[PDB]
Amino acid sequence: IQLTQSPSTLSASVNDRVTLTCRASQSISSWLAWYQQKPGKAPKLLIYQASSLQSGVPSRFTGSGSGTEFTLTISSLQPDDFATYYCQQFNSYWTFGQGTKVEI
Amino acid sequence: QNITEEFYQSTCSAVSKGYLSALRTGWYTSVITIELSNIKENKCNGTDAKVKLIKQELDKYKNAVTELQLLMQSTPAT
Amino acid sequence: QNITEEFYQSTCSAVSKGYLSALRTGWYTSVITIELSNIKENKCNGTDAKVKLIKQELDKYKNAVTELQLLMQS
Amino acid sequence: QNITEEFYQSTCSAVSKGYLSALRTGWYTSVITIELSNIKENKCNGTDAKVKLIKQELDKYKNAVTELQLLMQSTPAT
Amino acid sequence: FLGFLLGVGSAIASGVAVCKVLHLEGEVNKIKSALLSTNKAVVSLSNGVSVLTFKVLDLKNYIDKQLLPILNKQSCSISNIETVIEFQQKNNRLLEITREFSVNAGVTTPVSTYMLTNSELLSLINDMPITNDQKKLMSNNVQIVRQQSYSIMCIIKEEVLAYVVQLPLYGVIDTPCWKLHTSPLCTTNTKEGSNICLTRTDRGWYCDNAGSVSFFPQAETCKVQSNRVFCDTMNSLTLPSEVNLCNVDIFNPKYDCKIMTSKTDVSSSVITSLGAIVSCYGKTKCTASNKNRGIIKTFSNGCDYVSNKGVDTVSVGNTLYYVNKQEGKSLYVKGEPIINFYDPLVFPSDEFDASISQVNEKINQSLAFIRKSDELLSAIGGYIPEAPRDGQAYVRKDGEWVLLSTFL
Amino acid sequence: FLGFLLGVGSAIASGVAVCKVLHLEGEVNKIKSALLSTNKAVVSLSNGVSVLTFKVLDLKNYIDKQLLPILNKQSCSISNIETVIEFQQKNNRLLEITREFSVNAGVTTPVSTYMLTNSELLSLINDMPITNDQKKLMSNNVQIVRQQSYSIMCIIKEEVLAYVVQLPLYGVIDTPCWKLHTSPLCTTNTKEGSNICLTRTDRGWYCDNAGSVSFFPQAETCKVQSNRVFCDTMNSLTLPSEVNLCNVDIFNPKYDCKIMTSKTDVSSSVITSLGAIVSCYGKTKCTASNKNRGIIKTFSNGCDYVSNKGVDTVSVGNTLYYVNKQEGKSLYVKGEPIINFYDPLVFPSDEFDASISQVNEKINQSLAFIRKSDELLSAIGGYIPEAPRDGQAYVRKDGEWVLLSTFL
Amino acid sequence: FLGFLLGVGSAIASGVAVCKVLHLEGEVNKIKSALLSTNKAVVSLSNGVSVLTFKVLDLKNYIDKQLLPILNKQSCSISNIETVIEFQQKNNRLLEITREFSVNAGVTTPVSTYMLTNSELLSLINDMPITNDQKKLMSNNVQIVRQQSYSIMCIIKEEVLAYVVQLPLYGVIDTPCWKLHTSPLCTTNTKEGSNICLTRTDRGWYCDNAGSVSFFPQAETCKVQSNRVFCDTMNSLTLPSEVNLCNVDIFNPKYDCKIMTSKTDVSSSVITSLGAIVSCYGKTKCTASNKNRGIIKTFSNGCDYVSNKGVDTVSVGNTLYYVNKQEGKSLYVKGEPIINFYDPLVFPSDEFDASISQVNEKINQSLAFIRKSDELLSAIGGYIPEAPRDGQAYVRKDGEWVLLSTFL
Amino acid sequence: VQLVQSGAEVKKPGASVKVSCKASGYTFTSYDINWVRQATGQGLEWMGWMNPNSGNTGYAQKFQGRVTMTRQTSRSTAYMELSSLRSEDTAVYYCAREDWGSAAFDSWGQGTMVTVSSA
């Protein structure tokens, strides 16, 4: 399989709704994963099951989509969210994706 | 409906009750027939647009009636 | 792929070995669904044209869903 | 042909005679082959009445050959 | 356990006899002529019986109609639609019935809907010469009727293809029944090699019929739909009405029950309609658990029971049985175990099948033989060897025949 | 009754062996090269055997012939006509083959008409290297050869898909065969719980083979057609030709018959080729009835037989049976019930399997032991105790030791 | 032969429970809402569990899109094809679903290719929750997973058809397992019938698990693929690990091996994985023959084993059993037939199921009783009659109480 | 939940290295262990999985024949051994836990950087 983040880099301001798209090319089931990797540290769970929110994350983040495209959306941009976000799967092996950075 | 189960540890056996019966005694026969014909080998010459299937699923029928004819007299198993 | 046999004449018995294991212990009950339509019974003035198939092979679907309704008391 | 039975009250047993034998003591291993093709999936870039089904039923062919291919050396079982 | 007591019967004797009599070269013409104007007829036979008939498909009335506009009219040019797809569809049923009869060689069961669909079936029961209640019974369990019928190919002739489709009749209906289960029962002594088991053997279905009891030993010859049960008398035994007296009491002299014993004991379980029987023996682990919480009950050595309410899984040793979930009410009738009332030292080894009375008489015989030839040996020490036949006045002294010299 | 003696074996050993031989990378090229321009071939194998090869389908030629119309002809267009006819049917066969293979792990018990048509099977049986008799026999029973044959999915290659279609070889034909049926045989004593039972346990088929009789204990593993019987030797036991003597008499010394003993009696029936056997015991009611005259005959206690001439229906207890209608000459034979010849008291209880000699020697040893015990115990009461060893010449007075004072 | 000791349970209990939970009048609407515009969601029912849904075929959208031109007052204006294509090809799957579920009456044989397609099954495997370990174990073996899964019709509602699909879950992987075969063993006494035979009944599959061993006695219900076994614990008995000692030693005190005895001797064979074991008795001919060199060896009377190396066919009497061609190493172990160590007179004849220790105990009791009776019988002739009770002081002369006049 | 990794290590080209990952706060055998690597200035790349309950292993195609994953249940610690290390393998390695009920990586360790260089 091949994964692709249509946004490679994006910059915006405070209190904005940003949309990130992730696309595949084969039988992707309907399971995705959205991670956040703060620089110098280990990534963390944000979106699992492609639509379910992990416990403890602010609710401003949402995830949806089915088929060959899946979109992650931040309703309001906060100052403490400028980091990197990634896309994962499980066709048979595993595969992470190029990924985007939310610079300010 | 009322399904009640009673257990007897003395003989270590369980009995379920309340089931309403239905059984079978004898059969009934009823002959069923399908009315059919033969087939005219004479079909037509060259094809054009709709004159290929006229024989495609017709020689198959001519065969099928034959291997039904093969089951002539021999008694089937039970 | 190392399969061997040992034969004991004192009991006229044979014992194999080397086979691996794969046992069953649990069951997963995952439901499967199929979307369906109510299906209108509207009749067309005339289906003598190439729409003859559409008039016939819709009654078949109606009878199939009716039969499924019949055994719905399972 | 004739099929005759004899009943004995001493052992209360019945015996039937008259049939003819037919029994199997051998095997034959005749190999039957079906030949396949590459069937390049890409062959069109537009729509047509017949072309529509063509692609669906040729994708069905590809799925069939693939799924039988997956059965690589599954050991035969009785 | 009681499969050997059954008989054997030809299931399709009636249908094959009907076919053979139908093979008498006149009935085919009679049936062809009688159904000429309708689809439902009742036709008598030469031997003197009358049967129902049916017509399900008529290729002739279409093939002859289209025969002219494929040669007499348009030889080889596009004819029209509904002469293309419809001709494709019509031969499908005939091809499929050909395939089924060629693979099964004249007898197919259960009757697939290609041979007879729901419409014709319902028509047959509507025109079935039977009472209304039986029609009501059949109209709700058509699939069981499909699963309990046979169909035999009969004859092919000049233009007529025919066969026979048997149909069951539910002559007996609406009587009380019950189902009897069983589980191994053995002694609970901790010393291995000193266990004697005992298990009831008459498990299966019991039903009432004309003051007697039909007994079905195989649980796989009876189907259960909703709360009603279907069976077949071909797989049944006839019993008197007092068999249920075994269930209330085991030593009732009116009837003699059936048991079986052995010296091998292994933990096992059985699933009832509304609960689980567990016979846990040895050093294994036997527990009853619930999905929400975990293990809920741990059994001891010996027969027990659990009701389905509040329990979902029974873990016996290594396996894992799933209990039923049908709603009902249970009742745990207590008492004393029966195996404890037997002497281990004289217990019979094993029997394939026997009765409690036979076991009792065997125990009595075993006790009587030892009681006889144990007190016979109680006279040991009360026997003196025979005196010689020389006529000597041998006197008993020091336990031997001695020449008397003390008082002489 | 004789299931516990059959041998076992892998019924697909030859097929898997040939399939493994095909995986030596030196035969697939030959097998695809030996059938370049024909439909039949006889190809040797590397291991040193030769087998027949038969190809029934051809796709890549049509696939390429259509690929040009699909692509080269005006790129994508609906101009192509009759291609649908040529496509649906051609693809349907492969889809059905793949489905049938995938459902049942690729080794279907029977061979569907999808894998080969009747004409192809006739071609195969025509090309078999066998005699004319076997070819004629297989010619008229194409609905039985399928039910005993196997299909084995073998190998897939860059364009070649091949599977093994096993076929049966008939080695023994036309020798006479005979079938056997048995029934319970018990005492008819009025008092309950005072009866014994013995039944023959050799029911099945018998066929000659090089002077030795075969045996098929399970009658369901032998299909029949009209008069000729079909059987397999995978479930056969070689027996001496004297077994048919047990047919006519049981007390012969050269061959020992088989028998099973028990003490449970239940009325039942057995259907045979031309008649019915009824064992009517106890309180149950048994009745032979005809179609057009109602009740025709009432049975009594014991076992009896009814021919099919004028009798069609049997009622036993609460079950209604049916009888065959095959035309044949029956023959009643009188005799004496052997059961009355044995002692009721000392009869052996139960045996899963037993022979007449076994029960004879058992009753002999039991009777001898009880009689030799009786002869010894008949003289009890005529013995006197040991006299005390205190140097006393006790005389036998009053049947005991006592100081002699009467005559001395 | 150990089929009776198994437990009896239910297989579709969990699916029935889920179906019953799916009748709360709100759950189905919840599922429809939660799968509004996406596939393969995870839902929680009122029972408090978490199950996985899946939509495989969609028809509401296509019918709604393509019915307006056909249902509206357009006089059924035929437009083109791809209307017949997109419809006639679709409804066949639903027709076949109704087909199978009507023939089988609810629960259907192993999920057919029409109920679930390979792509659908694999996409479900990914969807199903479980450890990553159980992917390659049952993703390469779908053809055998399909045979271990049921399918239950549940309910039809407003616009939704839903049926529950069972799927086996694998818990234990890669423990050592081994198959155990047996064969008849008898003596070779010249007098026919006088011989004695014993067999071992522990044949089947053994698999180590959690420190115990699971023993499967129905070898016909355990599948083999390459070198991996596949069968459920539903048909398993839990045994201590020490039972394996019976394989190496037959008189170990840790455990008692299971045997049975009989007095009937027949010649037969068993086909192991890598060889053939043959028990040849009487005058029947036995011969193992190669496919190229003809006959190579004649077996003597008794038990014998042959490895498949250089062996193609085996013949006993009139039968013919082929042999497997797997590549492996066997190892013959010489020894003495244990049947030579038992006295013919006191040997137990019939025993359906008993342990070697039980046989030894019965034999010991038998000859102990015989010796006790013979020693007492050895005292016969050591007892005189009783003197008259009239007070006569007679003397024991010639074994009789005669008047004292020989020495008085 | 916590995962602890060993400290940084330096090895010569062609040598082998072994990284340890000790788990704490849960049942060791009920979840699977994965290995992922991140080159500096590059995206993540998955390496393989090792089930502790059974010991079975699955390795990625790009790393086949070079990586070995082992387990110690008594210490509840996994080990990843990489042989024939090349210059391009200079990066940081993570050990993470995958959850069977959720298709995701819930816990990550601190990370270990390994430097390969002749100097």
# chains A, B, ... in the order shown; residues from 1 in each chain; ligands from 1

$ residues_around --residues "stretch 58-63 of chain H" --least-positions-apart "5" --cutoff "10 Å" --atoms "only C-alpha atoms" --output "JSON list (two decimals) with N, CA and C atoms, in the first residue's frame"
[["chain", "number", "residue", "atom", "x", "y", "z"],
["A", 93, "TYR", "N", 1.23, -5.32, 6.69],
["A", 93, "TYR", "CA", 2.39, -4.97, 7.55],
["A", 93, "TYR", "C", 1.95, -3.75, 8.34],
["A", 94, "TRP", "N", 2.71, -2.66, 8.26],
["A", 94, "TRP", "CA", 2.26, -1.40, 8.89],
["A", 94, "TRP", "C", 2.82, -0.31, 7.99],
["G", 132, "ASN", "N", -1.80, -9.30, 17.06],
["G", 132, "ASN", "CA", -1.19, -9.37, 15.74],
["G", 132, "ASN", "C", -0.70, -10.77, 15.41],
["G", 133, "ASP", "N", -0.52, -11.62, 16.43],
["G", 133, "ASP", "CA", 0.02, -12.95, 16.18],
["G", 133, "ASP", "C", -0.92, -13.79, 15.32],
["G", 136, "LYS", "N", -1.22, -14.25, 10.30],
["G", 136, "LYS", "CA", -0.70, -15.21, 9.34],
["G", 136, "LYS", "C", -1.15, -16.63, 9.63],
["H", 34, "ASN", "N", 6.18, -3.49, 19.24],
["H", 34, "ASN", "CA", 6.62, -3.05, 17.92],
["H", 34, "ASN", "C", 7.88, -2.21, 18.03],
["H", 35, "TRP", "N", 8.63, -2.16, 16.93],
["H", 35, "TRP", "CA", 9.83, -1.34, 16.84],
["H", 35, "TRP", "C", 9.72, -0.41, 15.64],
["H", 45, "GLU", "N", 9.63, 5.07, 10.28],
["H", 45, "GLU", "CA", 9.72, 3.84, 9.50],
["H", 45, "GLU", "C", 9.57, 2.65, 10.45],
["H", 46, "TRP", "N", 8.56, 1.83, 10.20],
["H", 46, "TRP", "CA", 8.30, 0.67, 11.05],
["H", 46, "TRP", "C", 9.31, -0.43, 10.79],
["H", 47, "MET", "N", 9.71, -1.14, 11.84],
["H", 47, "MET", "CA", 10.71, -2.19, 11.75],
["H", 47, "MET", "C", 10.14, -3.60, 11.87],
["H", 48, "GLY", "N", 9.39, -3.89, 12.92],
["H", 48, "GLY", "CA", 8.87, -5.23, 13.10],
["H", 48, "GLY", "C", 8.08, -5.35, 14.39],
["H", 49, "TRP", "N", 7.55, -6.56, 14.59],
["H", 49, "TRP", "CA", 6.75, -6.89, 15.76],
["H", 49, "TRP", "C", 7.23, -8.21, 16.35],
["H", 50, "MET", "N", 7.04, -8.35, 17.66],
["H", 50, "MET", "CA", 7.41, -9.56, 18.37],
["H", 50, "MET", "C", 6.40, -9.83, 19.47],
["H", 51, "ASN", "N", 5.61, -10.89, 19.31],
["H", 51, "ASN", "CA", 4.61, -11.25, 20.30],
["H", 51, "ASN", "C", 5.31, -11.91, 21.48],
["H", 68, "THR", "N", 16.74, -9.28, 14.79],
["H", 68, "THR", "CA", 16.27, -10.37, 15.63],
["H", 68, "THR", "C", 15.61, -9.79, 16.88],
["H", 69, "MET", "N", 14.39, -10.23, 17.17],
["H", 69, "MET", "CA", 13.66, -9.76, 18.34],
["H", 69, "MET", "C", 13.48, -10.91, 19.31],
["H", 82, "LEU", "N", 20.28, -5.75, 16.02],
["H", 82, "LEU", "CA", 20.50, -5.40, 14.63],
["H", 82, "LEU", "C", 21.94, -5.72, 14.26]]

$ calpha_fit_rmsd --fixed "chain D" --moving "chain B"
1.0 Å

$ interface_residues --of "chain G" --to "chain A" --cutoff "9 Å" --atoms "only C-alpha atoms" --output "ChimeraX atom specification"
/G:37-42,119,123-124,126-127,135

$ write_last_selection --atoms "C-alpha atoms" --output "short mmCIF file (atom, residue, chain, number, x, y, z; two decimals), in the first residue's frame"
data_model
loop_
_atom_site.label_atom_id
_atom_site.label_comp_id
_atom_site.auth_asym_id
_atom_site.auth_seq_id
_atom_site.Cartn_x
_atom_site.Cartn_y
_atom_site.Cartn_z
CA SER G 37 -22.06 7.05 5.62
CA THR G 38 -19.21 4.70 6.57
CA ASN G 39 -18.35 1.01 6.73
CA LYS G 40 -17.16 -1.36 9.45
CA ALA G 41 -18.10 0.46 12.64
CA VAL G 42 -17.88 -0.74 16.25
CA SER G 119 -12.00 -9.79 -0.24
CA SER G 123 -11.24 -7.01 5.10
CA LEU G 124 -13.21 -8.43 8.02
CA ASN G 126 -8.35 -6.83 9.61
CA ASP G 127 -11.48 -5.33 11.19
CA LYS G 135 -3.01 -12.98 11.37
#

$ residues_around --residues "residue D:27" --least-positions-apart "4" --cutoff "7 Å" --atoms "only C-alpha atoms" --output "ChimeraX atom specification"
/F:166-169

$ residues_around --residues "residue G:180" --least-positions-apart "2" --cutoff "12 Å" --atoms "only C-alpha atoms" --output "count of residues only"
35

$ closest_atom_pairs --of "chain F" --to "chain B" --cutoff "10 Å" --atoms "only C-alpha atoms" --output "Markdown table"
| residue | atom | partner | partner_atom | distance |
| --- | --- | --- | --- | --- |
| F:81 | CA | B:49 | CA | 6.6 |
| F:82 | CA | B:49 | CA | 6.9 |
| F:85 | CA | B:53 | CA | 6.8 |
| F:86 | CA | B:53 | CA | 9.4 |
| F:89 | CA | B:56 | CA | 9.4 |
| F:118 | CA | B:67 | CA | 7.7 |
| F:119 | CA | B:63 | CA | 9.5 |
| F:140 | CA | B:70 | CA | 7.9 |
| F:141 | CA | B:71 | CA | 8.8 |
| F:142 | CA | B:70 | CA | 8.9 |
| F:143 | CA | B:71 | CA | 8.3 |
| F:220 | CA | B:78 | CA | 9.3 |
| F:222 | CA | B:77 | CA | 9.5 |
| F:223 | CA | B:77 | CA | 6.3 |
| F:224 | CA | B:77 | CA | 6.1 |
| F:225 | CA | B:75 | CA | 5.1 |
| F:226 | CA | B:75 | CA | 4.7 |
| F:227 | CA | B:74 | CA | 8.2 |
| F:228 | CA | B:74 | CA | 9.3 |
| F:318 | CA | B:25 | CA | 8.9 |
| F:319 | CA | B:25 | CA | 6.9 |
| F:320 | CA | B:25 | CA | 6.4 |
| F:321 | CA | B:26 | CA | 8.1 |
| F:322 | CA | B:26 | CA | 9.0 |

$ closest_atom_pairs --of "chain E" --to "chain G" --cutoff "8 Å" --atoms "only C-alpha atoms" --output "CSV"
residue,atom,partner,partner_atom,distance
E:110,CA,G:103,CA,7.0
E:111,CA,G:103,CA,7.6
E:112,CA,G:103,CA,6.1
E:113,CA,G:99,CA,7.3
E:143,CA,G:105,CA,5.4
E:144,CA,G:105,CA,6.9
E:146,CA,G:103,CA,6.9
E:147,CA,G:103,CA,7.1
E:263,CA,G:354,CA,7.9
E:266,CA,G:237,CA,7.7
E:268,CA,G:7,CA,5.7
E:269,CA,G:7,CA,5.7
E:270,CA,G:8,CA,5.3
E:271,CA,G:9,CA,5.1
E:317,CA,G:238,CA,6.5
E:318,CA,G:238,CA,6.5
E:319,CA,G:233,CA,5.7
E:320,CA,G:234,CA,7.9
E:321,CA,G:9,CA,6.9
E:322,CA,G:13,CA,6.2
E:323,CA,G:13,CA,6.5
E:324,CA,G:13,CA,5.4
E:325,CA,G:17,CA,6.0
E:350,CA,G:353,CA,7.9
E:352,CA,G:352,CA,7.5
E:383,CA,G:383,CA,5.1
E:384,CA,G:383,CA,4.9
E:385,CA,G:382,CA,3.5
E:386,CA,G:384,CA,5.2
E:387,CA,G:399,CA,4.8
E:388,CA,G:398,CA,5.3
E:389,CA,G:398,CA,3.6
E:390,CA,G:398,CA,6.2
E:391,CA,G:397,CA,5.1
E:392,CA,G:397,CA,5.4
E:393,CA,G:397,CA,4.9
E:394,CA,G:396,CA,5.7
E:395,CA,G:395,CA,6.2
E:396,CA,G:396,CA,7.8

$ residues_around --residues "stretch 42-44 of chain A" --least-positions-apart "4" --cutoff "10 Å" --atoms "only C-alpha atoms" --output "list in words"
residues 34, 35, 36, 37, 38, 54, 84, 85 and 86 of chain A; 94, 96, 105, 106, 107, 108, 109, 110 and 111 of chain H

$ write_last_selection --atoms "N, CA and C atoms" --output "PDB file, in the first residue's frame"
ATOM      1  N   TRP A  34      -4.151   9.009  13.766  1.00  0.00           N
ATOM      2  CA  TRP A  34      -3.544  10.332  13.740  1.00  0.00           C
ATOM      3  C   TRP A  34      -2.739  10.541  15.011  1.00  0.00           C
ATOM      4  N   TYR A  35      -1.433  10.771  14.840  1.00  0.00           N
ATOM      5  CA  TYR A  35      -0.489  10.970  15.932  1.00  0.00           C
ATOM      6  C   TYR A  35       0.055  12.389  15.903  1.00  0.00           C
ATOM      7  N   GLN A  36       0.445  12.889  17.072  1.00  0.00           N
ATOM      8  CA  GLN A  36       1.163  14.151  17.206  1.00  0.00           C
ATOM      9  C   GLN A  36       2.523  13.868  17.824  1.00  0.00           C
ATOM     10  N   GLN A  37       3.579  14.383  17.200  1.00  0.00           N
ATOM     11  CA  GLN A  37       4.951  14.158  17.655  1.00  0.00           C
ATOM     12  C   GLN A  37       5.576  15.503  18.004  1.00  0.00           C
ATOM     13  N   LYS A  38       5.598  15.827  19.291  1.00  0.00           N
ATOM     14  CA  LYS A  38       6.283  17.031  19.732  1.00  0.00           C
ATOM     15  C   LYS A  38       7.785  16.877  19.504  1.00  0.00           C
ATOM     16  N   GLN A  54      -9.455   9.850  21.540  1.00  0.00           N
ATOM     17  CA  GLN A  54      -8.751   9.292  22.682  1.00  0.00           C
ATOM     18  C   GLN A  54      -9.079  10.084  23.943  1.00  0.00           C
ATOM     19  N   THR A  84       3.918  18.435  14.796  1.00  0.00           N
ATOM     20  CA  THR A  84       3.813  17.589  13.590  1.00  0.00           C
ATOM     21  C   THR A  84       2.750  16.536  13.792  1.00  0.00           C
ATOM     22  N   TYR A  85       2.006  16.211  12.735  1.00  0.00           N
ATOM     23  CA  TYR A  85       0.928  15.197  12.821  1.00  0.00           C
ATOM     24  C   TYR A  85       1.169  14.141  11.754  1.00  0.00           C
ATOM     25  N   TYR A  86       0.866  12.872  12.040  1.00  0.00           N
ATOM     26  CA  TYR A  86       1.186  11.789  11.072  1.00  0.00           C
ATOM     27  C   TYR A  86      -0.023  10.887  10.814  1.00  0.00           C
TER      28      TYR A  86
ATOM     29  N   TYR H  94      12.555   3.491  18.874  1.00  0.00           N
ATOM     30  CA  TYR H  94      11.506   3.489  19.884  1.00  0.00           C
ATOM     31  C   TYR H  94      10.953   2.081  20.052  1.00  0.00           C
ATOM     32  N   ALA H  96       7.364   0.381  21.395  1.00  0.00           N
ATOM     33  CA  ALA H  96       5.995   0.807  21.634  1.00  0.00           C
ATOM     34  C   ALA H  96       5.076  -0.395  21.774  1.00  0.00           C
ATOM     35  N   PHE H 105      -0.962   2.681  18.665  1.00  0.00           N
ATOM     36  CA  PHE H 105       0.180   2.610  19.578  1.00  0.00           C
ATOM     37  C   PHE H 105      -0.078   3.560  20.744  1.00  0.00           C
ATOM     38  N   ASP H 106      -0.325   2.978  21.917  1.00  0.00           N
ATOM     39  CA  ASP H 106      -0.743   3.774  23.064  1.00  0.00           C
ATOM     40  C   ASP H 106       0.408   4.237  23.948  1.00  0.00           C
ATOM     41  N   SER H 107       1.519   3.507  23.997  1.00  0.00           N
ATOM     42  CA  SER H 107       2.596   3.849  24.917  1.00  0.00           C
ATOM     43  C   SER H 107       3.927   3.821  24.187  1.00  0.00           C
ATOM     44  N   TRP H 108       4.753   4.831  24.436  1.00  0.00           N
ATOM     45  CA  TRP H 108       6.052   4.963  23.801  1.00  0.00           C
ATOM     46  C   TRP H 108       7.117   5.227  24.857  1.00  0.00           C
ATOM     47  N   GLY H 109       8.305   4.679  24.629  1.00  0.00           N
ATOM     48  CA  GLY H 109       9.397   4.893  25.550  1.00  0.00           C
ATOM     49  C   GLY H 109      10.087   6.224  25.330  1.00  0.00           C
ATOM     50  N   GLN H 110      11.177   6.424  26.072  1.00  0.00           N
ATOM     51  CA  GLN H 110      11.952   7.650  25.949  1.00  0.00           C
ATOM     52  C   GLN H 110      12.770   7.704  24.667  1.00  0.00           C
ATOM     53  N   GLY H 111      13.118   6.565  24.094  1.00  0.00           N
ATOM     54  CA  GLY H 111      13.921   6.574  22.882  1.00  0.00           C
ATOM     55  C   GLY H 111      15.399   6.417  23.170  1.00  0.00           C
TER      56      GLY H 111
END

$ atom_distance --atom1 "atom CA of residue E:290" --atom2 "atom CA of residue E:310"
6.7 Å

$ select_by_dssp --residues "chain B" --states "alpha helix (DSSP H)" --output "mmCIF file with N, CA and C atoms, in the first residue's frame"
data_model
loop_
_atom_site.group_PDB
_atom_site.id
_atom_site.type_symbol
_atom_site.label_atom_id
_atom_site.label_comp_id
_atom_site.auth_asym_id
_atom_site.auth_seq_id
_atom_site.Cartn_x
_atom_site.Cartn_y
_atom_site.Cartn_z
ATOM 1 N N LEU B 53 -27.087 -17.022 -29.829
ATOM 2 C CA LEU B 53 -27.665 -17.640 -28.642
ATOM 3 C C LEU B 53 -28.857 -18.528 -28.972
ATOM 4 N N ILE B 54 -29.466 -18.356 -30.147
ATOM 5 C CA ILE B 54 -30.578 -19.207 -30.543
ATOM 6 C C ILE B 54 -30.159 -20.664 -30.602
ATOM 7 N N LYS B 55 -28.866 -20.928 -30.793
ATOM 8 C CA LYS B 55 -28.329 -22.277 -30.738
ATOM 9 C C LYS B 55 -27.447 -22.523 -29.526
ATOM 10 N N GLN B 56 -26.877 -21.466 -28.941
ATOM 11 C CA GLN B 56 -26.002 -21.621 -27.785
ATOM 12 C C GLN B 56 -26.735 -22.280 -26.625
ATOM 13 N N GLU B 57 -27.821 -21.672 -26.162
ATOM 14 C CA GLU B 57 -28.652 -22.370 -25.184
ATOM 15 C C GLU B 57 -29.785 -23.125 -25.869
ATOM 16 N N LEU B 58 -29.443 -23.856 -26.910
ATOM 17 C CA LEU B 58 -30.350 -24.817 -27.522
ATOM 18 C C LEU B 58 -29.696 -26.173 -27.702
ATOM 19 N N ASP B 59 -28.425 -26.202 -28.101
ATOM 20 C CA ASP B 59 -27.704 -27.468 -28.099
ATOM 21 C C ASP B 59 -27.505 -27.974 -26.677
ATOM 22 N N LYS B 60 -27.371 -27.062 -25.711
ATOM 23 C CA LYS B 60 -27.325 -27.468 -24.311
ATOM 24 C C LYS B 60 -28.626 -28.139 -23.890
ATOM 25 N N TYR B 61 -29.766 -27.592 -24.319
ATOM 26 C CA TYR B 61 -31.053 -28.222 -24.034
ATOM 27 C C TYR B 61 -31.153 -29.587 -24.700
ATOM 28 N N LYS B 62 -30.705 -29.674 -25.954
ATOM 29 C CA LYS B 62 -30.720 -30.944 -26.669
ATOM 30 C C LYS B 62 -29.874 -31.986 -25.953
ATOM 31 N N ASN B 63 -28.754 -31.560 -25.370
ATOM 32 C CA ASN B 63 -27.963 -32.469 -24.551
ATOM 33 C C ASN B 63 -28.711 -32.851 -23.281
ATOM 34 N N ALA B 64 -29.203 -31.848 -22.548
ATOM 35 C CA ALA B 64 -29.784 -32.092 -21.234
ATOM 36 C C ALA B 64 -30.931 -33.083 -21.316
ATOM 37 N N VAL B 65 -31.806 -32.919 -22.308
ATOM 38 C CA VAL B 65 -32.877 -33.891 -22.481
ATOM 39 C C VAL B 65 -32.294 -35.280 -22.724
ATOM 40 N N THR B 66 -31.128 -35.352 -23.371
ATOM 41 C CA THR B 66 -30.509 -36.655 -23.594
ATOM 42 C C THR B 66 -30.055 -37.288 -22.282
ATOM 43 N N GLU B 67 -29.207 -36.596 -21.506
ATOM 44 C CA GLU B 67 -28.725 -37.268 -20.293
ATOM 45 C C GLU B 67 -29.845 -37.481 -19.283
ATOM 46 N N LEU B 68 -30.954 -36.749 -19.393
ATOM 47 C CA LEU B 68 -32.150 -37.191 -18.679
ATOM 48 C C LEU B 68 -32.701 -38.483 -19.271
ATOM 49 N N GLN B 69 -32.613 -38.644 -20.592
ATOM 50 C CA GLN B 69 -33.063 -39.895 -21.191
ATOM 51 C C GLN B 69 -32.203 -41.076 -20.756
ATOM 52 N N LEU B 70 -30.934 -40.837 -20.408
ATOM 53 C CA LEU B 70 -30.070 -41.943 -19.990
ATOM 54 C C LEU B 70 -30.584 -42.624 -18.727
#
